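Engineer: This one's a deposited entry, sequence included:
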There are 4 protein chains.
Amino acid sequence: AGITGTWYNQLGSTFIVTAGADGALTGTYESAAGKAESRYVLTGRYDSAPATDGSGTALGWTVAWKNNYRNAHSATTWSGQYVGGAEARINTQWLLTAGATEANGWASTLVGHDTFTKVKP
Amino acid sequence: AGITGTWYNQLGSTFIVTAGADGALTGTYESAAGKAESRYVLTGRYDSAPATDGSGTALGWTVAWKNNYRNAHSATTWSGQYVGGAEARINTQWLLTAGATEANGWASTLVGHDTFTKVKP
Amino acid sequence: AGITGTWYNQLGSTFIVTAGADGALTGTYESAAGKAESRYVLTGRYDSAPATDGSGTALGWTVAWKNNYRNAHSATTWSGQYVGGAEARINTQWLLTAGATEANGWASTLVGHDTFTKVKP
Amino acid sequence: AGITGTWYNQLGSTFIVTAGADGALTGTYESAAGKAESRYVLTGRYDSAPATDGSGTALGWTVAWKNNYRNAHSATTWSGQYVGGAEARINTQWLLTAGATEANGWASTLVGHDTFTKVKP
Ligand SMILES: O=C(CCCC[C@@H]1SC[C@@H]2NC(=O)N[C@@H]21)NC1CCN(c2ccncc2)CC1
Ligand SMILES: O=C(CCCC[C@@H]1SC[C@@H]2NC(=O)N[C@@H]21)NC1CCN(c2ccncc2)CC1
Ligand SMILES: O=C(CCCC[C@@H]1SC[C@@H]2NC(=O)N[C@@H]21)NC1CCN(c2ccncc2)CC1
Ligand SMILES: O=C(CCCC[C@@H]1SC[C@@H]2NC(=O)N[C@@H]21)NC1CCN(c2ccncc2)CC1
């Protein structure tokens, strides 16, 4: 609950998601940063029966950075939680892995953090 | 290509995945570690047109740790790449976020790394 | 340059550091969160000849969470960069590893992100 | 205890460290990968009174990638634990931050994992 809809991160990226009744996330992602253009498919999962003690709702999703316009040979996963209320948020940390040869595998993965809100910066 | 099927990590967990023609990952995950029992739904994405220079194929997927037997109020995302050949591998790093109150949010996310192979340890 | 002094993160923790001329960081850390009390020794390194193109200055430091009052059998490393100017910042991501047995090693490491400023929240 | 000496990771890098009696780590690092040449100064911290229940000993250290031969405008922190015994190990995860402009800050940090042993691969 509260997850379905449009979310914006601190970079200005747009996350459009539908949370299905038994834990599915499905939607599109449009990144304001990096080797990206237009919308990309996403899919993920969320806890559809979270705790009732004030804790957030755990979730995650993946984008592979290939669409009809661009292929960046990479994929990002966001892991985080939804925190409801008047200033609802999805707080995440992410891992972006790029395809790499063996010699470059050590340097294949970026890490960061995105904060999503219902009204953009 | 090469991704569909069963994979095993260094903990003995079992990852069963179908890679669809236009980038979908769908399947089940059974963890040998942590607050888990039996299979959980997963979904993710992969680069369906990887580079041809020897690089791996970028991918990611998510498990929310709720099924009919157990809810651990948490979700893991694996970000990594498939590397084909006689000793094929999926090399990943992962983020596990647990639902948390505001006071505990700083401590909500574990990080680690899993190596998947087609024949178990 | 610009690094020496007192910094505060979003949790209210206090980072007191001296940046030595050839790349040393030395000081104390006081955490507002977790299994911590009073000051802990830190040491780290920074790039003492950063780029002049507007890029930040790369750095990192470590705290082991043992002092005369408390031992949390753990250590945090912060990796990030100093960004100078009127609203100077040290932007970091961190890894906290706790001592663990073999069975619990997979769950030994937390990840997060701290933003330090010269005037507290 | 057991930490002082020379360690080798899976890339063939050489970590030479002295663990001082009250928690200091001091030494040199020579990387077999990336924008590195010869030895770099490191400093870090470790838990000098670990648990006695079979748990490892938490530690961390930092290298800034500047020496007399090369400056890669970046720093790596390793966070992990020492596990003693006949096949002693230091198991780590690391964060490498590169100096970045504001527009590139999102992409400033790599993550990975290194396993150190007392006899090289
Ligand atoms: O730029 C993209 C694709 C778009 C990513 C957008 C990112 S997702 C997390 C963050 N939040 C957003 O909203 N937007 C950004 N992909 C690159 C990254 C850099 N690459 C490498 C290669 C080798 N090693 C490391 C990195 C090459 C591929
Ligand atoms: O144990 C699980 C669910 C099963 C995870 C299994 C993990 S997935 C990555 C790794 N690879 C595998 O194959 N198996 C393991 N969930 C916990 C974790 C610890 N928890 C917290 C709470 C607060 N902060 C931090 C952590 C509570 C919830
Ligand atoms: O709480 C502390 C020591 C203080 C850490 C303070 C942290 S440093 C990053 C952040 N920024 C700050 O300013 N303050 C916080 N240590 C614990 C953590 C949880 N622990 C485990 C055990 C097993 N697996 C995972 C985690 C047990 C030991
Ligand atoms: O290559 C180095 C310095 C040597 C690092 C060696 C690494 S330490 C962890 C691992 N374990 C080892 O033993 N060896 C390797 N530095 C780069 C990295 C890539 N860079 C960027 C820039 C912008 N964003 C992301 C990354 C530019 C600077």
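Structural biologist: Structure received. Numbering: from 1, shown residues only, chains lettered A, B, ... in the order given. Ligands and ions are numbered 1, 2, ... in the order given.
Engineer: hey, let's count contacts and neighbours off CA atoms from now on
Structural biologist: Fine.
Engineer: Quick check: the gap between residue A:14 and residue A:38.
Structural biologist: 10 Å (Cα to Cα, to the nearest Å).
Engineer: What parts of chain A come near chain D?
Structural biologist: A:106-112 (Cα under 8 Å from any Cα of the partner chain).
Engineer: Could you give me the ChimeraX syntax to select whichever of those residues are buried?
Structural biologist: To isolate the buried ones among these in ChimeraX, judged by 16 or more other Cα atoms under 10 Å in any protein chain shown, type:
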select /A:106,107,108,109,110,111,112
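Engineer: Quick check, residue A:29 in contact with residue A:13.
Structural biologist: Yes: with contact defined as Cα atoms under 8 Å, residue A:29 counts as touching residue A:13 (7.5 Å).
Engineer: Quick check on the two: which one has the bigger neighbour count.
Structural biologist: residue A:29 (24 against 16; other Cα atoms under 10 Å in any protein chain shown).
Engineer: so which of the residues of chain A next to chain D comes closest to residue A:51?
Structural biologist: The closest of the residues of chain A next to chain D to residue A:51 turns out to be residue A:112 (Cα to Cα; 26.6 Å).
Engineer: distance between whichever strand or helix holds the closest one and the chain's centre?
Structural biologist: Using DSSP states H and E, residue A:112 maps to strand A:109-117. Chain-centre distance of strand A:109-117: 8 Å, with Cα atoms, centre = their mean, to the nearest Å.
Engineer: Which of the three states applies to the closest residue to residue A:11 other than its chain neighbours?
Structural biologist: In space, residue A:11 comes closest to residue A:32 once its chain neighbours are excluded; the distance is 6.1 Å by Cα to Cα, 6 or more residues apart in numbering or on different chains. What DSSP: H, G, I helix; E, B strand; the rest coil gives for residue A:32 is coil.
Engineer: Check residue A:25 too.
Structural biologist: Quick answer, by three-state DSSP: residue A:25 is strand.
Engineer: What about it, how many residues nearby?
Structural biologist: 24.
Engineer: Residue A:69 too?
Structural biologist: Counted with other Cα under 10 Å, residues neighbouring residue A:69 total 10.
Engineer: gap between the spatially closest residue to it that is not a sequence neighbour and chain C?
Structural biologist: Excluding the flanking residues, the one nearest residue A:69 by Cα to Cα, 6+ apart is residue A:37, at 6.8 Å. Look at residue A:37 and chain C: by Cα to the nearest Cα, to the nearest Å, they are 25 Å apart.
Engineer: Quick check: residue A:37 touching residue A:68?
Structural biologist: No: contact criterion Cα under 8 Å: residue A:37 and residue A:68 do not qualify, at 9.4 Å.
Engineer: mind checking the SS state of the residue of chain A found nearest ligand 4?
Structural biologist: Minimum separation of chain A from ligand 4 (Cα to the nearest ligand atom) falls at residue A:106, amounting to 6.4 Å. Using three-state DSSP, the secondary structure recorded for residue A:106 is helix.
Engineer: Identify the bridge partners of the nearest residue to it once chain neighbours are set aside.
Structural biologist: Using Cα to Cα, 6+ apart and skipping residues adjacent in sequence, the residue nearest residue A:106 is residue D:112, 6.6 Å away. As for beta bridges, residue D:112 partners with residue D:94 under DSSP bridges.
Engineer: what does residue A:44 give?
Structural biologist: Residue A:44 forms beta bridges with residue A:25, residue A:61, as assigned by DSSP bridges.
Engineer: I'd like to know how far it sits from ligand 1.
Structural biologist: 15 Å (Cα to the nearest ligand atom, to the nearest Å).
Engineer: The strand ranked longest in chain A vs chain C: in contact?
Structural biologist: If you go by DSSP state E, chain A has its longest strand at strand A:71-83. No: using Cα under 8 Å from any Cα, strand A:71-83 stays clear of chain C, with a minimum separation of 11.1 Å.
Engineer: Which strands and helices lie in contact with that strand?
Structural biologist: strand A:57-66, strand A:89-98, strand B:57-66, strand B:71-83, strand B:89-98 (3 or more Cα pairs under 8 Å, 6 or more residues apart in numbering or on different chains; DSSP states H and E).
Engineer: can you state the direction angle for the longest one and strand B:109-117?
Structural biologist: Computed with axes from the mean of the first three to the mean of the last three Cα atoms, to 10 degrees, the direction of strand B:71-83 lies at 50 degrees from that of strand B:109-117.
Engineer: in chain A, what residue sits furthest out from the centroid?
Structural biologist: residue A:103 (28.8 Å; Cα atoms, centre = their mean).
Engineer: for that residue, helix, strand, or coil?
Structural biologist: helix.
Engineer: Can you give me the distance of it to residue B:55?
Structural biologist: Separation of residue A:103 from residue B:55 (Cα to Cα) stands at 10 Å.
Engineer: Please apply the same query to residue A:53.
Structural biologist: In this structure, residue A:53 and residue B:55 are 46 Å apart, going by Cα to Cα.
Engineer: Check residue A:72 too.
Structural biologist: From residue A:72 over to residue B:55 (counting by Cα to Cα), the distance is 12 Å.
Engineer: higher neighbour count, these two?
Structural biologist: Neighbour count, other Cα under 10 Å: between residue A:72 and residue B:55, residue B:55 has more, with 21 against 18.
Engineer: you'd agree the more buried one is up against residue A:99?
Structural biologist: Yes: assessed by Cα under 8 Å, residue B:55 is found in contact with residue A:99 at 5.3 Å.
Engineer: Please see if the strand holding residue A:112 touches ligand 4.
Structural biologist: No: between strand A:109-117 and ligand 4, judged by Cα under 6 Å from any ligand atom, nothing touches; the nearest distance is 7.0 Å.
Engineer: how many neighbours does residue A:47 have?
Structural biologist: Residues near residue A:47, counting by other Cα under 10 Å: 29.
Engineer: Tell me the residues of chain A that contact ligand 1?
Structural biologist: Taking Cα under 6 Å from any ligand atom as the criterion, chain A approaches ligand 1 at residues A:13, A:31, A:33-36, A:65, A:72, A:74, A:76, A:98, A:107-110.
Engineer: what does chain A have sitting close to chain C?
Structural biologist: A:93, A:112-113.
Engineer: Just the buried residues of stretch A:24-36, please?
Structural biologist: Residues of stretch A:24-36 classed as buried: A:24-31, A:36 (neighbour count, 16+ other Cα under 10 Å).
Engineer: Give me the distance between stretch A:61-70 and the centre of its chain.
Structural biologist: On Cα atoms, centre = their mean, the centre of stretch A:61-70 falls 12 Å from the chain's centre.
Engineer: For chain D, give me its nearest residue in chain A.
Structural biologist: Distances between chain A and chain D by Cα to the nearest Cα are smallest at residue A:110, namely 4.3 Å.
Engineer: Would you mind naming the residues that bridge with the spatially most central residue of chain A?
Structural biologist: Computing the C-alpha centroid of chain A and ranking residues by Cα atoms, centre = their mean puts residue A:78 first, at 4.4 Å. As for beta bridges, residue A:78 partners with residue A:61, residue A:94 under DSSP bridges.
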